[PDB]
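Dropping structure_18.cif in here (mmCIF, N, CA and C atoms):
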data_my_file
#
loop_
_atom_site.group_PDB
_atom_site.id
_atom_site.type_symbol
_atom_site.label_atom_id
_atom_site.label_comp_id
_atom_site.auth_asym_id
_atom_site.auth_seq_id
_atom_site.Cartn_x
_atom_site.Cartn_y
_atom_site.Cartn_z
ATOM 1 N N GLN N 4 138.189 142.272 232.439
ATOM 2 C CA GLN N 4 138.970 142.504 231.195
ATOM 3 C C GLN N 4 138.514 143.755 230.438
ATOM 4 N N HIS N 5 137.215 143.878 230.177
ATOM 5 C CA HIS N 5 136.706 145.040 229.435
ATOM 6 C C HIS N 5 136.063 146.049 230.361
ATOM 7 N N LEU N 6 136.904 146.918 230.889
ATOM 8 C CA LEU N 6 136.491 147.817 231.959
ATOM 9 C C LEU N 6 135.388 148.802 231.553
ATOM 10 N N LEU N 7 135.401 149.257 230.304
ATOM 11 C CA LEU N 7 134.337 150.133 229.797
ATOM 12 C C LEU N 7 132.967 149.428 229.766
ATOM 13 N N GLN N 8 132.957 148.156 229.373
ATOM 14 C CA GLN N 8 131.744 147.341 229.473
ATOM 15 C C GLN N 8 131.285 147.259 230.930
ATOM 16 N N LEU N 9 132.247 147.066 231.830
ATOM 17 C CA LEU N 9 131.932 146.942 233.254
ATOM 18 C C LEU N 9 131.332 148.207 233.830
ATOM 19 N N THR N 10 131.837 149.365 233.421
ATOM 20 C CA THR N 10 131.262 150.627 233.879
ATOM 21 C C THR N 10 129.853 150.838 233.342
ATOM 22 N N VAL N 11 129.574 150.413 232.108
ATOM 23 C CA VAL N 11 128.194 150.471 231.576
ATOM 24 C C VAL N 11 127.244 149.671 232.463
ATOM 25 N N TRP N 12 127.648 148.455 232.806
ATOM 26 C CA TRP N 12 126.862 147.596 233.680
ATOM 27 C C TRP N 12 126.710 148.226 235.072
ATOM 28 N N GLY N 13 127.794 148.795 235.603
ATOM 29 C CA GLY N 13 127.752 149.436 236.925
ATOM 30 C C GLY N 13 126.772 150.599 236.962
ATOM 31 N N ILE N 14 126.746 151.388 235.893
ATOM 32 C CA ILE N 14 125.855 152.529 235.774
ATOM 33 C C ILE N 14 124.408 152.045 235.779
ATOM 34 N N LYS N 15 124.123 150.978 235.034
ATOM 35 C CA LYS N 15 122.789 150.346 235.030
ATOM 36 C C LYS N 15 122.360 149.869 236.419
ATOM 37 N N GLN N 16 123.284 149.282 237.176
ATOM 38 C CA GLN N 16 122.997 148.810 238.533
ATOM 39 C C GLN N 16 122.662 149.984 239.443
ATOM 40 N N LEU N 17 123.434 151.060 239.343
ATOM 41 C CA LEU N 17 123.170 152.250 240.149
ATOM 42 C C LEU N 17 121.861 152.911 239.748
ATOM 43 N N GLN N 18 121.552 152.904 238.454
ATOM 44 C CA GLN N 18 120.277 153.445 237.984
ATOM 45 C C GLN N 18 119.122 152.698 238.646
ATOM 46 N N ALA N 19 119.205 151.366 238.711
ATOM 47 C CA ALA N 19 118.153 150.557 239.334
ATOM 48 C C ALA N 19 118.048 150.895 240.823
ATOM 49 N N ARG N 20 119.162 151.141 241.508
ATOM 50 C CA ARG N 20 119.102 151.496 242.923
ATOM 51 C C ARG N 20 118.463 152.868 243.134
ATOM 52 N N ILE N 21 118.782 153.849 242.288
ATOM 53 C CA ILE N 21 118.164 155.160 242.430
ATOM 54 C C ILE N 21 116.663 155.074 242.142
ATOM 55 N N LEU N 22 116.298 154.337 241.093
ATOM 56 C CA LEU N 22 114.903 154.126 240.745
ATOM 57 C C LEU N 22 114.139 153.497 241.914
ATOM 58 N N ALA N 23 114.745 152.514 242.583
ATOM 59 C CA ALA N 23 114.092 151.896 243.733
ATOM 60 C C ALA N 23 113.858 152.936 244.830
ATOM 61 N N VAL N 24 114.798 153.856 245.016
ATOM 62 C CA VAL N 24 114.616 154.908 246.025
ATOM 63 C C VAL N 24 113.506 155.874 245.624
ATOM 64 N N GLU N 25 113.494 156.293 244.360
ATOM 65 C CA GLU N 25 112.439 157.187 243.881
ATOM 66 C C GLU N 25 111.084 156.567 244.101
ATOM 67 N N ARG N 26 110.965 155.296 243.749
ATOM 68 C CA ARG N 26 109.703 154.569 243.897
ATOM 69 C C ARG N 26 109.323 154.402 245.352
ATOM 70 N N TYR N 27 110.310 154.187 246.217
ATOM 71 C CA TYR N 27 110.040 154.028 247.654
ATOM 72 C C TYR N 27 109.431 155.311 248.223
ATOM 73 N N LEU N 28 110.004 156.449 247.842
ATOM 74 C CA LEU N 28 109.484 157.738 248.308
ATOM 75 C C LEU N 28 108.039 157.909 247.855
ATOM 76 N N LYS N 29 107.770 157.576 246.603
ATOM 77 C CA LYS N 29 106.407 157.658 246.084
ATOM 78 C C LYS N 29 105.461 156.722 246.852
ATOM 79 N N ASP N 30 105.871 155.463 246.997
ATOM 80 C CA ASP N 30 105.013 154.440 247.594
ATOM 81 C C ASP N 30 104.735 154.704 249.067
ATOM 82 N N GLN N 31 105.714 155.263 249.769
ATOM 83 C CA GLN N 31 105.552 155.599 251.189
ATOM 84 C C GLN N 31 104.944 156.985 251.379
ATOM 85 N N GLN N 32 104.677 157.674 250.265
ATOM 86 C CA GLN N 32 103.942 158.953 250.253
ATOM 87 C C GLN N 32 104.651 160.087 250.977
ATOM 88 N N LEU N 33 105.984 160.114 250.944
ATOM 89 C CA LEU N 33 106.692 161.300 251.415
ATOM 90 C C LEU N 33 106.553 162.439 250.417
ATOM 91 N N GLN E 4 143.541 162.540 232.735
ATOM 92 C CA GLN E 4 144.260 161.779 231.679
ATOM 93 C C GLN E 4 143.608 160.424 231.383
ATOM 94 N N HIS E 5 143.355 159.623 232.415
ATOM 95 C CA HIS E 5 142.752 158.300 232.207
ATOM 96 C C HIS E 5 141.277 158.304 232.543
ATOM 97 N N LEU E 6 140.492 158.675 231.550
ATOM 98 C CA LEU E 6 139.074 158.939 231.764
ATOM 99 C C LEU E 6 138.276 157.714 232.225
ATOM 100 N N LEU E 7 138.642 156.528 231.748
ATOM 101 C CA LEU E 7 137.996 155.288 232.200
ATOM 102 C C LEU E 7 138.242 155.015 233.697
ATOM 103 N N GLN E 8 139.462 155.279 234.161
ATOM 104 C CA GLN E 8 139.756 155.224 235.595
ATOM 105 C C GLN E 8 138.873 156.220 236.350
ATOM 106 N N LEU E 9 138.733 157.416 235.783
ATOM 107 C CA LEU E 9 137.937 158.464 236.423
ATOM 108 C C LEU E 9 136.473 158.094 236.537
ATOM 109 N N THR E 10 135.921 157.456 235.512
ATOM 110 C CA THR E 10 134.534 157.005 235.580
ATOM 111 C C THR E 10 134.344 155.900 236.611
ATOM 112 N N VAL E 11 135.322 155.005 236.768
ATOM 113 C CA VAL E 11 135.255 153.987 237.840
ATOM 114 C C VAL E 11 135.147 154.655 239.208
ATOM 115 N N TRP E 12 135.997 155.645 239.445
ATOM 116 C CA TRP E 12 135.981 156.398 240.692
ATOM 117 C C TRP E 12 134.650 157.146 240.860
ATOM 118 N N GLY E 13 134.156 157.756 239.781
ATOM 119 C CA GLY E 13 132.883 158.490 239.833
ATOM 120 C C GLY E 13 131.720 157.584 240.208
ATOM 121 N N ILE E 14 131.711 156.372 239.662
ATOM 122 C CA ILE E 14 130.676 155.390 239.933
ATOM 123 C C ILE E 14 130.709 155.013 241.411
ATOM 124 N N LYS E 15 131.906 154.793 241.954
ATOM 125 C CA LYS E 15 132.088 154.522 243.393
ATOM 126 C C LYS E 15 131.561 155.656 244.275
ATOM 127 N N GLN E 16 131.803 156.903 243.878
ATOM 128 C CA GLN E 16 131.323 158.067 244.627
ATOM 129 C C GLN E 16 129.802 158.113 244.619
ATOM 130 N N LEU E 17 129.200 157.865 243.462
ATOM 131 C CA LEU E 17 127.741 157.851 243.363
ATOM 132 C C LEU E 17 127.145 156.691 244.145
ATOM 133 N N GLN E 18 127.822 155.546 244.138
ATOM 134 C CA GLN E 18 127.368 154.401 244.926
ATOM 135 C C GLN E 18 127.299 154.782 246.401
ATOM 136 N N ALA E 19 128.323 155.473 246.909
ATOM 137 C CA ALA E 19 128.350 155.894 248.313
ATOM 138 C C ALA E 19 127.203 156.871 248.586
ATOM 139 N N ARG E 20 126.880 157.762 247.652
ATOM 140 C CA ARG E 20 125.774 158.691 247.861
ATOM 141 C C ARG E 20 124.427 157.969 247.885
ATOM 142 N N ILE E 21 124.221 156.990 247.004
ATOM 143 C CA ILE E 21 122.966 156.249 247.020
ATOM 144 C C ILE E 21 122.846 155.438 248.313
ATOM 145 N N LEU E 22 123.940 154.794 248.718
ATOM 146 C CA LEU E 22 123.976 154.037 249.958
ATOM 147 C C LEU E 22 123.614 154.926 251.151
ATOM 148 N N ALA E 23 124.142 156.152 251.182
ATOM 149 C CA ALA E 23 123.810 157.068 252.269
ATOM 150 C C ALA E 23 122.309 157.364 252.271
ATOM 151 N N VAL E 24 121.704 157.482 251.095
ATOM 152 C CA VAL E 24 120.257 157.725 251.026
ATOM 153 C C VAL E 24 119.469 156.509 251.503
ATOM 154 N N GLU E 25 119.865 155.317 251.060
ATOM 155 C CA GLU E 25 119.192 154.096 251.503
ATOM 156 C C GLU E 25 119.230 153.988 253.005
ATOM 157 N N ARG E 26 120.399 154.238 253.574
ATOM 158 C CA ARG E 26 120.585 154.161 255.023
ATOM 159 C C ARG E 26 119.788 155.226 255.745
ATOM 160 N N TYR E 27 119.692 156.416 255.158
ATOM 161 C CA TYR E 27 118.926 157.509 255.775
ATOM 162 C C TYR E 27 117.450 157.121 255.888
ATOM 163 N N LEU E 28 116.914 156.542 254.818
ATOM 164 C CA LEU E 28 115.514 156.108 254.828
ATOM 165 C C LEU E 28 115.299 155.073 255.926
ATOM 166 N N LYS E 29 116.217 154.126 256.032
ATOM 167 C CA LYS E 29 116.129 153.114 257.082
ATOM 168 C C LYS E 29 116.196 153.752 258.477
ATOM 169 N N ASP E 30 117.195 154.608 258.684
ATOM 170 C CA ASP E 30 117.449 155.187 260.003
ATOM 171 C C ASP E 30 116.330 156.113 260.456
ATOM 172 N N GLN E 31 115.720 156.818 259.511
ATOM 173 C CA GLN E 31 114.601 157.718 259.819
ATOM 174 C C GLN E 31 113.263 156.987 259.805
ATOM 175 N N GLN E 32 113.301 155.684 259.505
ATOM 176 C CA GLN E 32 112.133 154.789 259.603
ATOM 177 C C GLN E 32 110.997 155.139 258.656
ATOM 178 N N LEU E 33 111.310 155.654 257.466
ATOM 179 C CA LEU E 33 110.277 155.781 256.443
ATOM 180 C C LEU E 33 109.927 154.419 255.863
ATOM 181 N N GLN Y 4 128.768 155.792 219.477
ATOM 182 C CA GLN Y 4 130.142 155.604 218.940
ATOM 183 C C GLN Y 4 131.219 155.716 220.024
ATOM 184 N N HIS Y 5 131.192 156.788 220.811
ATOM 185 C CA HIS Y 5 132.205 156.974 221.859
ATOM 186 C C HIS Y 5 131.659 156.625 223.226
ATOM 187 N N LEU Y 6 131.755 155.348 223.542
ATOM 188 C CA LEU Y 6 131.091 154.808 224.721
ATOM 189 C C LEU Y 6 131.596 155.396 226.044
ATOM 190 N N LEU Y 7 132.884 155.711 226.123
ATOM 191 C CA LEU Y 7 133.442 156.362 227.316
ATOM 192 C C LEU Y 7 132.853 157.768 227.542
ATOM 193 N N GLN Y 8 132.667 158.521 226.459
ATOM 194 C CA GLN Y 8 131.955 159.797 226.536
ATOM 195 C C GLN Y 8 130.532 159.574 227.053
ATOM 196 N N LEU Y 9 129.889 158.526 226.543
ATOM 197 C CA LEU Y 9 128.512 158.223 226.937
ATOM 198 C C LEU Y 9 128.390 157.874 228.405
ATOM 199 N N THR Y 10 129.349 157.126 228.938
ATOM 200 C CA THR Y 10 129.335 156.809 230.363
ATOM 201 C C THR Y 10 129.561 158.045 231.224
ATOM 202 N N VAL Y 11 130.403 158.981 230.780
ATOM 203 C CA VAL Y 11 130.567 160.261 231.505
ATOM 204 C C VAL Y 11 129.231 160.991 231.614
ATOM 205 N N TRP Y 12 128.521 161.081 230.498
ATOM 206 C CA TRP Y 12 127.210 161.715 230.463
ATOM 207 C C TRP Y 12 126.214 160.955 231.350
ATOM 208 N N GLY Y 13 126.240 159.622 231.290
ATOM 209 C CA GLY Y 13 125.335 158.802 232.107
ATOM 210 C C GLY Y 13 125.553 159.026 233.596
ATOM 211 N N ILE Y 14 126.813 159.142 234.001
ATOM 212 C CA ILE Y 14 127.182 159.372 235.387
ATOM 213 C C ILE Y 14 126.634 160.723 235.839
ATOM 214 N N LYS Y 15 126.778 161.747 235.000
ATOM 215 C CA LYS Y 15 126.203 163.080 235.268
ATOM 216 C C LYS Y 15 124.684 163.042 235.442
ATOM 217 N N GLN Y 16 123.994 162.263 234.612
ATOM 218 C CA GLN Y 16 122.538 162.125 234.701
ATOM 219 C C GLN Y 16 122.147 161.467 236.017
ATOM 220 N N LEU Y 17 122.864 160.417 236.399
ATOM 221 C CA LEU Y 17 122.587 159.740 237.665
ATOM 222 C C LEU Y 17 122.904 160.635 238.852
ATOM 223 N N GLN Y 18 123.965 161.431 238.742
ATOM 224 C CA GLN Y 18 124.301 162.384 239.800
ATOM 225 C C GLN Y 18 123.136 163.345 240.020
ATOM 226 N N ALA Y 19 122.546 163.857 238.937
ATOM 227 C CA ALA Y 19 121.415 164.784 239.039
ATOM 228 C C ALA Y 19 120.222 164.079 239.691
ATOM 229 N N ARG Y 20 119.985 162.804 239.393
ATOM 230 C CA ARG Y 20 118.876 162.088 240.015
ATOM 231 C C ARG Y 20 119.109 161.875 241.510
ATOM 232 N N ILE Y 21 120.334 161.540 241.916
ATOM 233 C CA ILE Y 21 120.608 161.368 243.337
ATOM 234 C C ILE Y 21 120.470 162.705 244.069
ATOM 235 N N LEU Y 22 121.000 163.771 243.470
ATOM 236 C CA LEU Y 22 120.888 165.107 244.030
ATOM 237 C C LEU Y 22 119.420 165.494 244.229
ATOM 238 N N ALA Y 23 118.567 165.180 243.251
ATOM 239 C CA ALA Y 23 117.146 165.484 243.390
ATOM 240 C C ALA Y 23 116.558 164.728 244.583
ATOM 241 N N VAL Y 24 116.999 163.496 244.808
ATOM 242 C CA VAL Y 24 116.506 162.731 245.961
ATOM 243 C C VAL Y 24 116.997 163.332 247.274
ATOM 244 N N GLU Y 25 118.279 163.688 247.337
ATOM 245 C CA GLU Y 25 118.822 164.312 248.544
ATOM 246 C C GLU Y 25 118.051 165.561 248.883
ATOM 247 N N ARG Y 26 117.804 166.381 247.873
ATOM 248 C CA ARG Y 26 117.074 167.636 248.058
ATOM 249 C C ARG Y 26 115.636 167.391 248.463
ATOM 250 N N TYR Y 27 115.020 166.347 247.913
ATOM 251 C CA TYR Y 27 113.628 166.020 248.256
ATOM 252 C C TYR Y 27 113.517 165.672 249.742
ATOM 253 N N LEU Y 28 114.460 164.869 250.226
ATOM 254 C CA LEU Y 28 114.463 164.492 251.643
ATOM 255 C C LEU Y 28 114.590 165.740 252.511
ATOM 256 N N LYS Y 29 115.488 166.634 252.130
ATOM 257 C CA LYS Y 29 115.656 167.884 252.867
ATOM 258 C C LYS Y 29 114.369 168.723 252.840
ATOM 259 N N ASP Y 30 113.815 168.912 251.643
ATOM 260 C CA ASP Y 30 112.664 169.794 251.461
ATOM 261 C C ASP Y 30 111.414 169.266 252.150
ATOM 262 N N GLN Y 31 111.261 167.947 252.179
ATOM 263 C CA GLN Y 31 110.114 167.317 252.847
ATOM 264 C C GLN Y 31 110.379 167.083 254.331
ATOM 265 N N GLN Y 32 111.581 167.453 254.785
ATOM 266 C CA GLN Y 32 111.949 167.453 256.214
ATOM 267 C C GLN Y 32 111.951 166.075 256.856
ATOM 268 N N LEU Y 33 112.306 165.033 256.104
ATOM 269 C CA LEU Y 33 112.552 163.740 256.734
ATOM 270 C C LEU Y 33 113.869 163.756 257.495
#
Just dump the structure as structure tokens.
Amino acid sequence: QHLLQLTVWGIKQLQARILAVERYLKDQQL
Amino acid sequence: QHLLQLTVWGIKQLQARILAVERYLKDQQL
Amino acid sequence: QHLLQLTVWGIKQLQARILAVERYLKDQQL
């Protein structure tokens, strides 16, 4: 129903996925 | 014209780019 | 105040973070 709210949530989900990738690179020492 | 529609599409495009990175890490065995 | 404007900016910020990851993979030769 509230698509703008949904995009805010979607952006947060994608932020968490990018953060997990950044952290993975750090943790695996690339 | 419909900027909220455009942000939905943009989020989908970024999702595909993050997915490609996740898959690359897996495929290259990091 | 203008949440749709804010999501456009947020998407741009996430795009820059994904781009930095893509470039990192290239530069580190994975």
Chain and number of each residue from the PyMOL selection byres ((chain E) within 7 of (chain Y)), as a VMD selection string: chain E and resid 7 10 13 to 14 17 20 to 21 31
Include N, CA and C atoms and write out the residues we just selected as a PDB file, in the coordinates of the input.
ATOM      1  N   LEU E   7     138.642 156.528 231.748  1.00  0.00           N
ATOM      2  CA  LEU E   7     137.996 155.288 232.200  1.00  0.00           C
ATOM      3  C   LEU E   7     138.242 155.015 233.697  1.00  0.00           C
ATOM      4  N   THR E  10     135.921 157.456 235.512  1.00  0.00           N
ATOM      5  CA  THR E  10     134.534 157.005 235.580  1.00  0.00           C
ATOM      6  C   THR E  10     134.344 155.900 236.611  1.00  0.00           C
ATOM      7  N   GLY E  13     134.156 157.756 239.781  1.00  0.00           N
ATOM      8  CA  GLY E  13     132.883 158.490 239.833  1.00  0.00           C
ATOM      9  C   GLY E  13     131.720 157.584 240.208  1.00  0.00           C
ATOM     10  N   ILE E  14     131.711 156.372 239.662  1.00  0.00           N
ATOM     11  CA  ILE E  14     130.676 155.390 239.933  1.00  0.00           C
ATOM     12  C   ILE E  14     130.709 155.013 241.411  1.00  0.00           C
ATOM     13  N   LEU E  17     129.200 157.865 243.462  1.00  0.00           N
ATOM     14  CA  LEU E  17     127.741 157.851 243.363  1.00  0.00           C
ATOM     15  C   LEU E  17     127.145 156.691 244.145  1.00  0.00           C
ATOM     16  N   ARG E  20     126.880 157.762 247.652  1.00  0.00           N
ATOM     17  CA  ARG E  20     125.774 158.691 247.861  1.00  0.00           C
ATOM     18  C   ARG E  20     124.427 157.969 247.885  1.00  0.00           C
ATOM     19  N   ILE E  21     124.221 156.990 247.004  1.00  0.00           N
ATOM     20  CA  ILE E  21     122.966 156.249 247.020  1.00  0.00           C
ATOM     21  C   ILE E  21     122.846 155.438 248.313  1.00  0.00           C
ATOM     22  N   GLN E  31     115.720 156.818 259.511  1.00  0.00           N
ATOM     23  CA  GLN E  31     114.601 157.718 259.819  1.00  0.00           C
ATOM     24  C   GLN E  31     113.263 156.987 259.805  1.00  0.00           C
TER      25      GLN E  31
END
Chain N in the frame of chain Y after full C-alpha superposition, as a compact mmCIF listing (two decimals) with N, CA and C atoms, keeping the file's coordinate frame:
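The resulting part31.txt:
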# COMPACT_ATOMS: atom_id res chain seq x y z
N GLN N 4 128.77 155.79 219.48
CA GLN N 4 130.14 155.60 218.94
C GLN N 4 131.22 155.72 220.02
N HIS N 5 131.19 156.79 220.81
CA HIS N 5 132.21 156.97 221.86
C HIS N 5 131.66 156.63 223.23
N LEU N 6 131.76 155.35 223.54
CA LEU N 6 131.09 154.81 224.72
C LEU N 6 131.60 155.40 226.04
N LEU N 7 132.88 155.71 226.12
CA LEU N 7 133.44 156.36 227.32
C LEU N 7 132.85 157.77 227.54
N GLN N 8 132.67 158.52 226.46
CA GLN N 8 131.95 159.80 226.54
C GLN N 8 130.53 159.57 227.05
N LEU N 9 129.89 158.53 226.54
CA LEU N 9 128.51 158.22 226.94
C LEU N 9 128.39 157.87 228.40
N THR N 10 129.35 157.13 228.94
CA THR N 10 129.33 156.81 230.36
C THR N 10 129.56 158.04 231.22
N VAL N 11 130.40 158.98 230.78
CA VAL N 11 130.57 160.26 231.50
C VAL N 11 129.23 160.99 231.61
N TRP N 12 128.52 161.08 230.50
CA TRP N 12 127.21 161.71 230.46
C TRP N 12 126.21 160.96 231.35
N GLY N 13 126.24 159.62 231.29
CA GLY N 13 125.33 158.80 232.11
C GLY N 13 125.55 159.03 233.60
N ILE N 14 126.81 159.14 234.00
CA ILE N 14 127.18 159.37 235.39
C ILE N 14 126.63 160.72 235.84
N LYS N 15 126.78 161.75 235.00
CA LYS N 15 126.20 163.08 235.27
C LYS N 15 124.68 163.04 235.44
N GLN N 16 123.99 162.26 234.61
CA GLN N 16 122.54 162.13 234.70
C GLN N 16 122.15 161.47 236.02
N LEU N 17 122.86 160.42 236.40
CA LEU N 17 122.59 159.74 237.66
C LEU N 17 122.90 160.64 238.85
N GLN N 18 123.97 161.43 238.74
CA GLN N 18 124.30 162.38 239.80
C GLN N 18 123.14 163.35 240.02
N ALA N 19 122.55 163.86 238.94
CA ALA N 19 121.41 164.78 239.04
C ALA N 19 120.22 164.08 239.69
N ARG N 20 119.99 162.80 239.39
CA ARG N 20 118.88 162.09 240.02
C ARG N 20 119.11 161.88 241.51
N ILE N 21 120.33 161.54 241.92
CA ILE N 21 120.61 161.37 243.34
C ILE N 21 120.47 162.70 244.07
N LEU N 22 121.00 163.77 243.47
CA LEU N 22 120.89 165.11 244.03
C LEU N 22 119.42 165.49 244.23
N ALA N 23 118.57 165.18 243.25
CA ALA N 23 117.15 165.48 243.39
C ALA N 23 116.56 164.73 244.58
N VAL N 24 117.00 163.50 244.81
CA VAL N 24 116.51 162.73 245.96
C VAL N 24 117.00 163.33 247.27
N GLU N 25 118.28 163.69 247.34
CA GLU N 25 118.82 164.31 248.54
C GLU N 25 118.05 165.56 248.88
N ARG N 26 117.80 166.38 247.87
CA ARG N 26 117.07 167.64 248.06
C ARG N 26 115.64 167.39 248.46
N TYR N 27 115.02 166.35 247.91
CA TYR N 27 113.63 166.02 248.26
C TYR N 27 113.52 165.67 249.74
N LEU N 28 114.46 164.87 250.23
CA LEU N 28 114.46 164.49 251.64
C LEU N 28 114.59 165.74 252.51
N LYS N 29 115.49 166.63 252.13
CA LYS N 29 115.66 167.88 252.87
C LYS N 29 114.37 168.72 252.84
N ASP N 30 113.82 168.91 251.64
CA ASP N 30 112.66 169.79 251.46
C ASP N 30 111.41 169.27 252.15
N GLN N 31 111.26 167.95 252.18
CA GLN N 31 110.11 167.32 252.85
C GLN N 31 110.38 167.08 254.33
N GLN N 32 111.58 167.45 254.79
CA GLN N 32 111.95 167.45 256.21
C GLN N 32 111.95 166.07 256.86
N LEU N 33 112.31 165.03 256.10
CA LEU N 33 112.55 163.74 256.73
C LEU N 33 113.87 163.76 257.49
DSSP helix (DSSP H, G or I) residues within chain N, listed as a ChimeraX atom specification: /N:6-30
